[PDB]
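Student: My questions all concern the structure below.
In this analysis, Cβ positions are derived from the backbone assuming ideal geometry, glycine residues included, and neighbour counts consider all displayed protein chains. Derivation of every value follows stated rules applied to the coordinates shown; laboratory data play no part.
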């Protein structure tokens, strides 16, 4: 249980994802449904984005 090597981003809160794709560092923000501020992630862009949670899943 050390720091994972992959260290994937996590969905801290449930909301409307408002992500702006930075080719060097991905910047991820999610507008909360009920309300509040956006949790901001400055991740590395060398990877390939994963699936979005949709009705199809």
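Student: How large is the direction-averaged shadow of the alpha-carbon convex hull of the stretch 1-48, in nm²?
Tutor: Across all orientations, the stretch 1-48 yields a mean hull projection of 4.1 nm².
Student: Using the number of other C-beta atoms within 10 angstrom as an exposure proxy, rank 14, 29 with the fewest first.
Tutor: 14, 29
Student: Then there's this: How high is the relative contact order of the chain, in percent, with contacts defined as C-alpha pairs under 8 Å that are six or more residues apart?
Tutor: 25 percent.
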